[PDB]
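Counting convention: from 1, in listed order, for ligands and their atoms alike. Residue numbering restarts at 1 for every chain, and letters A, B, ... go by the order of the sequence lines.
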Amino acid sequence: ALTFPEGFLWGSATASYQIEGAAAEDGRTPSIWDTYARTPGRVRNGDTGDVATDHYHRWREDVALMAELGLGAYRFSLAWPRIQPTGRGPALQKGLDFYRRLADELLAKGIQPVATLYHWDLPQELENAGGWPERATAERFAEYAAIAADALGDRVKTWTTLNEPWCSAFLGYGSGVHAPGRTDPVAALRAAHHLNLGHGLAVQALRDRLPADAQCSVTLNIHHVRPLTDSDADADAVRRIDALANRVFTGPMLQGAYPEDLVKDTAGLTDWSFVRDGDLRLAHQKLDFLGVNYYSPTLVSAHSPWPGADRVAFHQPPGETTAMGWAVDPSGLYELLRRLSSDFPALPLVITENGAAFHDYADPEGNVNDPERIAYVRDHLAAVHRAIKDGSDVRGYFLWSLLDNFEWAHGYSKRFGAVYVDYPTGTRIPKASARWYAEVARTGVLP
Amino acid sequence: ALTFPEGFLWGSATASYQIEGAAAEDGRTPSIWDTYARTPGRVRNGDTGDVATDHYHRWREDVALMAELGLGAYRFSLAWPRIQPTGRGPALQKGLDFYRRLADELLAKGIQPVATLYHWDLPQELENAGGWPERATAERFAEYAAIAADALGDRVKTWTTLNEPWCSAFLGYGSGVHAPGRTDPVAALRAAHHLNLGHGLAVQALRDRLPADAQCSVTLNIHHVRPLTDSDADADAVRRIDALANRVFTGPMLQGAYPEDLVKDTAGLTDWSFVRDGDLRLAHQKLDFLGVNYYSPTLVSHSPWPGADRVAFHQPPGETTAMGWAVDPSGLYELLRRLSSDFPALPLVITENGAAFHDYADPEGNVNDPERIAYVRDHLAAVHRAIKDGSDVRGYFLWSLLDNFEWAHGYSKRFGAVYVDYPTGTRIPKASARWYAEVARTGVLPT
Ligand SMILES: OC[C@H]1O[C@@](CO)(O[C@H]2O[C@H](CO)[C@@H](O)[C@H](O)[C@H]2O)[C@@H](O)[C@@H]1O
């Protein structure tokens with residue numbers, strides 16, 4: 001039985017388009033994912049987030065559920081399309097009101113609201129104007145950040161600018177398997193840069209409009225890259241992928257510069273002239289903690305999500321697999337945390353996303369048993385505890401996700417929730433893992 | 001497009017314990033599967049068929065769906081536990097009445113009732129007395145056949161004695177992964193013989209109590225065994241498994257003799273003294289057609305394969321289903337060609353073919369299963385080729401009309417053309433249901 005540090009934060013996480021629904025209600029206009037999902041062949045079975053879990057209408061019930069589970073924090077994302085339809089123009093108060101009431105209720109329940117400004121639902125109009133590969137998008141994001149802070153700054157004290165920019169840039173503009181579905185290596189790199197720029201401009205805006213005690217962060221899915229063999233070549237492959245997966249973001253955001261090896265690796269693709277003088281300084285803002293997302297390790301040896309790394313081959317890491325077919329290896333989380341502690345010793349860490357998809361089902365008696373999820377979470381929490389014992393400054397853990405939801409290109413075919421959702425009715429059924437996690441959250445002890 | 005013979009029969013199939021529920025109503029007492037499911041660790045998540053799809057109560061709705069889908073036949077099994085609780089004594093009219101009403105409803109809507117006498121739900125009392133390894137069970141089964149024929153003979157004109165005796169004998173008494181859960185190679189072989197015997201005695205009883213035009217059959221899951229390599233050693237492994245999986249039943253049932261190689265292969269286990277004088281002639285009864293069940297190929301190079309410890313099994317190449325089984329329609333084509341070669345004068349009916357996929361109902365209440373449509377279409381194409389090449393196949397039954405209790409897998413695997421939300425029992429015809437209906441209506445297979 002492992003005991004976690006005093007004050008360790010126990011929460012769950014969700015994203016706006018994945019759970020809200022009410023896609024065309026109260027002033028919300030389409031995001032790139034609305035467009036993408038409605039495009040034949042882009043999302044499994046043509047699923048869309050039109051309704052999803054209907055959280056927009058069931059929000060009060062969901063907060064009550066969080067309270068019953070004894071969670072200390074709730075990480076959610078703000079829908080740019082609801083707050084500032086089209087990505088420009090004035091704030092839409094009706095949109096902000098949804099988050100005002102949500103945040104107020106969370107606080108009334110003693111649950112800390114943690115808001116992510118951008119979790120992929122870019123207003124379609126901004127993509128029409130060029131999307132992330134277009135510089136203006138970064139400036140538009142900073143204006144949106146100010147709008148959000150002005151409206152919710154008095155109730156929300158923990159802010160995250162972006163969630164997994166690697167996915168937005170490389171899957172969104174590199175391999176095109178995520179909205180908006182474009183496939184151009186240079187567009188992907190430009191997108192990555194403007195996400196770095198937007199992030200910095202947003203933190204600047206947040207610091208200026210939020211109370212002095214407010215916390216600001218960014219959430220990155222830190223790939224833990226390992227080599228297939230001891231070969232010197234495979235070690236170079238690890239470097240290349242680490243550069244593209246992590247350092248293209250941690251470099252600018254946490255060090256104020258793009259890694260030189262990355263620039264060299266991509267020299268045949270671009271000269272990075274879109275990096276205007278001063279952009280790196282703006283991207284490099286002081287953060288209160290780094291949000292880390294992790295699910296599985298990476299093993300290595302024009303339409304790719306890895307511009308310039310065509311020589312690299314990827315392999316299935318060893319271990320049992322989840323419904324995503326991803327390997328289950330908690331050692332990757334431990335090693336990843338140690339790497340971060342070594343590279344950024346003074347930066348506190350928070351696991352903002354970790355969880356697993358399994359083929360859950362409600363039986364005739366109305367129960368949803370997911371012992372596999374309990375095992376996955378338990379094992380990964382053990383790895384986190386071990387990293388902490390070894391010196392890593394980890395301050396919290398957020399289980400992706402409180403609810404089964406729209407898992408992007410997979411549609412509703414993949415269930416990650418602690419709480420099962422019967423989509424046709426919207427009925428929530430806490431799974432066995434919800435009851436187990438609630439105990440961990442209430443005792444701070446991992447059995 | 002491929003056009004099937006205008007007289008080709010199109011149906012769907014189910015089994016009593018898998019769909020009925022009402023496990024303790026109207027006099028029904030525990031079958032070996034009720035007992036097995038109640039045993040910790042035997043069935044996924046402790047699932048049981050106590051409620052299942054609640055078909056015992058909602059059957060009228062299911063027959064209505066079949067009619068809506070234009071199916072020409074419905075294959076179902078009779079629950080011995082409902083008809084004769086202890087496996088002997090007075091037949092319960094309430095039990096018989098359920099099936100009489102069901103058969104009448106099917107006929108009223110132009111659907112041909114096809115009844116299977118035994119689909120694994122052996123009355124517990126018969127197991128307490130020895131189960132299938134005990135000869136009396138075969139005798140009791142034949143007396144049960146007469147009871148069923150007397151009560152339903154005026155309505156049901158197509159009868160099947162046993163469904164997949166290989167599973168009953170070897171999974172039930174060999175590896176113990178199926179009810180009753182015993183693990184004894186000799187018990188498994190004795191069970192196999194008594195299933196062979198019971199089958200024959202039942203056919204005799206059916207022929208005696210049914211109208212002259214009634215048809216009798218047996219359903220066997222015929223394993224299509226292939227060797228990993230072209231070695232003679234692998235070829236012999238194929239022979240050994242083919243003997244244990246198929247010929248241990250086809251030999252006695254269709255040829256009046258156990259294959260000599262099987263007797264040799266098992267000489268270290270038994271001398272088959274339980275095979276009494278006259279037993280082979282009894283097992284060898286003329287049938288109107290052979291029911292064939294097929295899902296995936298078998299690749300070879302406590303066990304359910306007595307005397308075959310020198311054989312290893314491998315994952316056959318191809319896409320996989322939720323069961324992890326390889327999808328290979330060529331196995332069905334080849335299997336049919338072999339049966340046509342071995343038993344040319346014996347008509348064939350595909351009594352079971354289908355696939356499990358991780359289906360879900362989306363927010364709009366739809367269940368899309370294009371993977372199942374592809375599976376069925378591909379296998380039907382294989383059947384059509386077999387027919388064109390000379391195989392006498394006269395019907396096809398999609399396992400299963402409904403998602404149901406999939407034995408040791410519990411409710412974790414969905415095979416239905418119709419989705420079932422277990423907590424409510426709500427039925428939602430999947431995309432495959434509408435697609436299959438079109439095929440069953442015109443007999444035209446769109447490729
Ligand atoms: O020395 C940079 C250091 O101070 C912070 C405030 O704590 O930000 C200032 O410096 C930036 C870089 O020149 C400006 O872009 C920003 O507006 C300004 O307040 C931190 O972000 C940084 O770590």
Distance-only polar pair, side chains of A/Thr250 and A/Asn246, donor-acceptor under 3.5 Å:
no
Validation row, ring centre A/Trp59 to ring centre A/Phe76 under 6.0 Å:
no
Could you note down all residue pairs passing salt bridge (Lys or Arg N to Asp or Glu O under 4.0 Å) where residues 328-340 of chain A supplies at least one of them, sequence neighbours left out?
A/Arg226-A/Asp329, A/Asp242-A/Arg339, A/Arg339-A/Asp343
Heavy-atom contacts with ligand 1 below 4.0 Å: which residues, ordered by chain and residue number?
A/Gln204, A/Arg281, A/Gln285, A/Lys286
Please list all pairs meeting ring-ring contact (aromatic ring centres under 6.0 Å, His included) that have one or both residues in residues 207-226 of chain A, counting only residues at least two apart or in different chains.
A/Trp166-A/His223, A/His223-A/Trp306
A/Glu407/A/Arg415 ion pair, N-O < 4.0 Å:
no
What salt bridge (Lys or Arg N to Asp or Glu O under 4.0 Å) pairs are there with at least one residue in residues 121-131 of chain A, not counting sequence neighbours?
A/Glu127-A/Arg182
